[PDB]
Amino acid sequence: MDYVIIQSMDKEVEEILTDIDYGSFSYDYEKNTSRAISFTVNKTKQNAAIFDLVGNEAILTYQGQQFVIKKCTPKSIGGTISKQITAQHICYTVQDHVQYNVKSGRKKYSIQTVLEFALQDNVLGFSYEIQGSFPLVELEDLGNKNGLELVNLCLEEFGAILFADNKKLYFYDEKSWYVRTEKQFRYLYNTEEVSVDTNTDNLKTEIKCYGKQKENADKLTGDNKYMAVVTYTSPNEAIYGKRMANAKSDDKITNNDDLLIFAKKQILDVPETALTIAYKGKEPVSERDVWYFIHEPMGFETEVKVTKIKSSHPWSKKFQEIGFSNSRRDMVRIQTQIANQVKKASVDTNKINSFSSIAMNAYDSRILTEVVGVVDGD
Amino acid sequence: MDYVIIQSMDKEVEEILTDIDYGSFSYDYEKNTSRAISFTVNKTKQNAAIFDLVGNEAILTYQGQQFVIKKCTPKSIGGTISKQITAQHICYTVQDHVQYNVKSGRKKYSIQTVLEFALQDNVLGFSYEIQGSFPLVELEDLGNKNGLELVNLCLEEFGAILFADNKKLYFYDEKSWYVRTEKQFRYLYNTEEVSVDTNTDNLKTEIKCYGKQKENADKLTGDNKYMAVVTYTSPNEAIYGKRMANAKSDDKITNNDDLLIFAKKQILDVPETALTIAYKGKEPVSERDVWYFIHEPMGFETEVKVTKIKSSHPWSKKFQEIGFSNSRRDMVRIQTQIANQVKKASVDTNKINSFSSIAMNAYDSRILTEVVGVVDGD
Amino acid sequence: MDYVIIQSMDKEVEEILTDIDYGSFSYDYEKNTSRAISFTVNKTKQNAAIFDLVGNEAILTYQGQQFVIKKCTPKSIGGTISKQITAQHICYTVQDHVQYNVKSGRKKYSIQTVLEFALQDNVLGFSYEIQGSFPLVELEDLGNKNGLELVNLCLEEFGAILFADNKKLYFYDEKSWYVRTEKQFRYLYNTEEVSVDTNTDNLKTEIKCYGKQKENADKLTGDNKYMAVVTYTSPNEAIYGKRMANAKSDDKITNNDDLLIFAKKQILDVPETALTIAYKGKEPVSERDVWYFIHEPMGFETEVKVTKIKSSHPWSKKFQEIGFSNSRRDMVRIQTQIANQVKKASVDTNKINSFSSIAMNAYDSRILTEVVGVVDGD
């Protein structure tokens, strides 16, 4: 059903939210990033009975998917009372479950073990499924995070893609996520505006990396301080020249092959491009289908995998916006990155304060023990 | 008087600033946050004599209150010269006084002692008064800050509200600050637009907290590492379910009741709401009065305490904007929070660098003592 | 020539980029800050042959200067294909060369030595020239940075001004950079809008500074912890009174004269002003010339040195915007400052983690020495 079903916070009453301003309705999806619906509801005679129920923590069913309202803005301008509703997919509500226990130390985990640890003894009825092949990732002191943080960690590390059937989270890989379809994007046929953002500020074709630190680091000079020092040069240098970046240091590995693969992962030697298409066709576009893009004036004839969708209501007459190959820069993204880096630095210095305090604790005890030993020497 | 009195930086000449664009005039107040007036002045024949005096560091008297100009923007477009004046209440100028001395160590202070320490030997003629009851707060190495920083620390810790009669700062509590009044806000009578912003992204009802660390922490497992470990569950869970938050750690307390009250203070279990009212009545609204709000279509019949005012000049014909129950999100607030967190992290790293260096300094002397004892043993 | 010359990434074909939307063309310069050109190109018959060549990493010659394209935005709206081109001066491409070697320790360098170290064994054909006199600056572990970072460090430390003839970077000082000219800015003659931004939020006339830390810091009390403690008071206090700021600590000097000069450098005792002029005269304005500003209504009769230019194409009919005495506040600058402070804090904590681990590592050797001595004494 294309209409919205409203279920109250206490789940006592469930009805149909009518007279929604479908022109303002919008559904936003971005892989591993967001899944939400936003609209505006005006209080009229048809929905006056249930207009008081729509609020924060209410549930909206739309196209078989459940969204929890996370921001409600009632507004009264004369005779019109309007609520601006924003609801996120119920999967993100898994952040309300926190795994306090910590698996201390460095250990090689798989996606299955981390997912089982994250969603152990859930009280919100959350379940997970895995469909694909993923490598092993070594992690330090896993735990002490909420469910959403651990899910995001899994997505970032194992390179998985998460999609939720209400409260059941499926984790695919790149191979099993995208499905090929015969639907295609054609210039002048079903597309209006096509934009390509290309950036080459981080185009680097050379990198130098250092491994762990030798015990006699002070006694040694130069790259001899590390058992693993490697310089990686990308083949793209042949078309871009030598563009070397600032050195990155990993202090957890000792051999050279791991350093080489890490250095290869540490740079980006292809121009960063983001594609945006304004689509106004009749065929619906899902979150998994791969389309064929043909646009002669822009010199495009390829296969495009959808990574971002900004759809309107089917009755809203508006266009659809579809993204490929990551998203445009945007400023709030930069602010979020800075904020998370700040949080990481804050927790790091909080840990280092305790570490330095204990550095005095282990000092005096052994001082006393060996001073007693020295007295025994006398 | 409703007009503005301009006194020069050197206080040689004090006159009346006329021909002020009262339509652009605005007075902004927010409790413990801001108190300022902003407007625009055009150079005309009436104020040509004193138009050169209005500038940075000049004093403006408005309704018996003194504001120091902190931002002046002269602008020339043909024959019209305009200055955009922004002035902050003179109380904030107390930030020009810095208390360099530090009361090192952890100690339980009252508001009176901290206020006396902050404004000791002032050369700007600042005085303070306290009206209310406040608890005792334990602080570390109080001092080495300007007057405004210590005042903000007092406001944040003791839960006081600061209001300034020019250069005399009164510190009230919630009980003695708000005064009940018979004035009321009525829908369709003196209000035009009413907005309520509701957020439930921090709705948490369960928290786990850890106390100090035991001396034999490394040889202990789990919560045994701390003498104080407690899980606090809010009653609101009965209407919201279990929503665990990330664990918060306090390393300065040992018992369980203090950790319980700290954990209770550490979460927020009600929807975060902010109310904004556009008022166009004849009765003026002050910064302390508590009104009665009645708005049937939005289901309001309560008492509202003013926390933010954006008033216009009495001749400006414009509406007034009044806020209750904290303010809307906004980005500049987020940027200020991020900046202050960055500064705190930077100073923490600066202190910890010296701490590690003196750990190396306290190292070698004790190594020398050990060597002396070793030689004595032989 | 006033038109744009386009040279492909592979330098195979070099032609003239015609049908450029000169109305959108803009050239932005700011001393030690930026040098770039931005415009928009529409695909027409006159340039359809070479419209595919203009893209990222292409080279544009404009008025004898080379700019590398760093952001290209092809766009298709119906029958018009447009590319939004932003190109930075080729000098900044020197950031593609990284000096991995580090000159560890604290040492007094000159500008010549640092510049030679930065551009040693360049593969991009970069050369440097120095014209002026600069003092000696002491630095720690110079190196491990790209060319642009070291150039910016030189500009910030030695107080130099960088101007590039394509790939040849000239470094002047204040004396040899600005050249006096007879061209003047006159009110009502060749200027339209003149704006002055004045801020006095950081107006401080007193500061207290502490030198290095004594070895018996814990055994000593107060300012005796430092061999160098000095309070600097600016003469401008006579116009503004005492406005003392938060104390700044330098832990690398021991005498009092260096602390005094550092404290003098640490505060600003004059209002921070920024001047902007809209110029519409026939005489072109360069990046070095010093003009004479006369504006009676705003009380200006002085010499103004250009620090920022926003010029249009000579055929664009638009005004020119010229800045003096630093630039307006803006937010993106604040975000850049916050981001670089975050990066500095991150590298500081990354270094101090290894430092603390070494402190733990350095403990075990001395524990072994104590044990051996205890055994020997017995």
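Considering amide H positions built from the backbone, and no H for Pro or chain starts, which residues 5 or more places from A:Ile253, or on another chain, come under 5 Å of its amide H?
A:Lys212
Of all the C-alpha pairs in segment C:257-309, what % are more than 19 Å from each other?
Here the tail beyond 19 Å accounts for 48 percent of pairs.
Please give the Cα centre distance for segment C:303-378 versus segment B:313-335, rounded to the nearest Å.
Answer, in whole Å: 37.
Convert each backbone phi in segment A:70-78 into a coupling constant with the Karplus relation 6.51 cos²θ - 1.76 cosθ + 1.60 (shift: θ = phi - 60°), then list the ³J(HN,Hα) values in order as whole Hz, x for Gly and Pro.
10, 7, 10, 10, x, 8, 10, 10, x
How far apart, in nm, are two points set 7 Å out from the Cα along the Cα-to-Cβ line at A:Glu283 and at B:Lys351?
6.3
In chain A, which residue puts its Cβ closest to the axis that turns chain A onto chain C, and how many whole Å away is it?
It is A:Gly377, 2, counting Cβ atoms only.
Show which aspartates and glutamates lie in cross-link reach of B:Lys308 when reach means a straight Cα distance below 13 angstrom and same-chain residues fewer than eight apart are skipped.
B:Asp28, B:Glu30, B:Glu287, B:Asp289, B:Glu321
Take segment A:206-281, compute every pairwise Cα distance, and split them into 5 Å bins from 0; I just need the percent in each bin.
That works out to 3, 15, 21, 16, 13, 10, 7, 5, 4, 3, 2, 1, 1, 0, in percent per bin.
Which of the pairs B:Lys71/C:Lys168; B:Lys103/B:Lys265; A:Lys83/A:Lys317; B:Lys75/C:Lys317 have their Cα atoms more than 32 Å apart in this structure?
Going by Cα-Cα distance, B:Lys71/C:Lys168 fall outside the 32 Å limit.
Place the label 7 angstrom along Cα→C-beta at B:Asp121 and in each other copy, then list the distances from the first to the rest in nm, shortest first.
Its label point is 5.9, 5.9 nm from the equivalent points in the other copies.
List the residues whose amide H sits under 5 Å from the amide H of C:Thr73, counting only those 5 or more places along or on another chain, with H placed 1.01 Å from N in the peptide plane.
The list, which skips near neighbours in sequence, is C:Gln84.
With +1 on each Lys and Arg Cβ and -1 on each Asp and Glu Cβ, how big is the dipole of chain B about its Cα centre, in debye rounded to the nearest 20?
Charge dipole, chain B, about its Cα centre: 680 debye, nearest 20.
Which whole-Hz couplings ³J(HN,Hα) result when phi for each residue of segment B:274-289 is put into the Karplus expression 6.51 cos²θ - 1.76 cosθ + 1.60, θ = phi - 60°, listed in order with x for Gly and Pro?
9, 10, 10, 10, 9, 10, 9, x, 7, 6, x, 10, 9, 8, 10, 5
Counting helices only, and only those DSSP H runs with n ≥ 4, report the 222 nm mean residue ellipticity of chain A as the sum of -39,500 (n - 2.57) divided by its residues, in deg cm²/dmol to the nearest 500.
Result for chain A: -7500 deg cm²/dmol, rounded to the nearest 500.
Starting from the Kirkwood Rh over alpha-carbon pairs, what translational D in µm² s⁻¹ does segment C:128-202 have by Stokes-Einstein at 37 °C and 0.692 mPa s?
205
Would you look at the GNM of chain C, springs on alpha carbons closer than 10 Å, and say which of C:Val194, C:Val137, C:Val347 moves the most?
Looking only at C:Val194, C:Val137, C:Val347, the largest GNM fluctuation is found for C:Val347.
Students often forget the sequence filter, so: which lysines lie under 16 Å Cα-Cα from A:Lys107 once same-chain residues fewer than 8 apart are removed?
A:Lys252
Take the alpha-carbon centre of segment B:203-235, take the same for segment A:43-81, and report the distance between them in whole Å.
40
Over 21 Å between C-alpha atoms is what I'm after, so list which of B:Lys225/B:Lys351; C:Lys242/C:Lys305; B:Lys183/B:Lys282 land there.
Pairs exceeding the cut-off: B:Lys225/B:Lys351; C:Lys242/C:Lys305.
In chain B, once you exclude exposed trypsin sites (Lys or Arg not before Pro) (DSSP loop, at most 10 other Cβ within 10 angstrom), what's the longest stretch remaining?
The longest such stretch corresponds to B:46-218.
Using only the Cα atoms of the protein assembly as shown, each taken as one equal point scatterer with no solvent, compute I(q) by the Debye sum, divide by I(0), and report log10 of the ratio at q = 0.06, 0.07 Å⁻¹.
With no solvent term, the Cα-only Debye profile gives -0.64, -0.91.
Note the distances from B:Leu139 to each other copy's matching label point, with points 7 Å along the Cα-to-beta-carbon direction, in nm, sorted shortest first.
Result for B:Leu139, in nm, nearest copy first: 4.1, 4.1.
Rg and Dmax of segment C:266-340 over Cα atoms: what are they, in angstrom?
Answer for segment C:266-340, Rg first and Dmax second: 15.0, 46 Å.
Test of understanding: what is the full-extension gain from A:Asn255 to A:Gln131, defined as 0.36 nm times their sequence separation minus their Cα-Cα distance?
Gain on extension, A:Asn255 to A:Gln131, equals 41.4 nm.
Which of B:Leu275, B:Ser325, B:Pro314 sits closest to the plus end of the dipole of segment B:265-378, meaning its Cα is farthest towards the positive end, when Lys and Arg get +1 and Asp and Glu get -1 on the C-beta?
Of the listed residues, the answer is B:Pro314.
Mind listing the label-point distances from C:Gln65 to the same position on all other copies, shortest first, one decimal in nm, points 7 Å along Cα→Cβ?
Label-point separations across copies, in nm and ascending: 4.9, 4.9.
Tabulate in residue order the Karplus-calculated ³J(HN,Hα) for segment C:211-221, using 6.51 cos²θ - 1.76 cosθ + 1.60 with θ = phi - 60°, rounded to whole Hz; enter x for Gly and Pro.
x, 6, 9, 5, 5, 8, 5, 5, 6, 10, 10
To one decimal place, what orientation-averaged projected area in nm² is obtained for the convex hull of the Cα set of chain C?
Over all viewing directions, chain C projects a mean Cα-hull area of 28.3 nm².
Given R₀ = 60 Å, FRET efficiency for A:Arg329-B:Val372 by Cβ-Cβ distance, to 0.05?
Efficiency computed from Cβ-Cβ geometry: 0.40.
Considering segment B:141-279, what Rg and Dmax in Å follow from its alpha-carbon atoms?
Using the Cα atoms of segment B:141-279, the pair Rg, Dmax is 21.4, 70 Å.
Since every read-out is calculated from the coordinates, none of them should be taken as a lab result. Because the Cβ atoms are built from the backbone with ideal geometry, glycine has one as well, and the counts that use them run over all protein chains shown.
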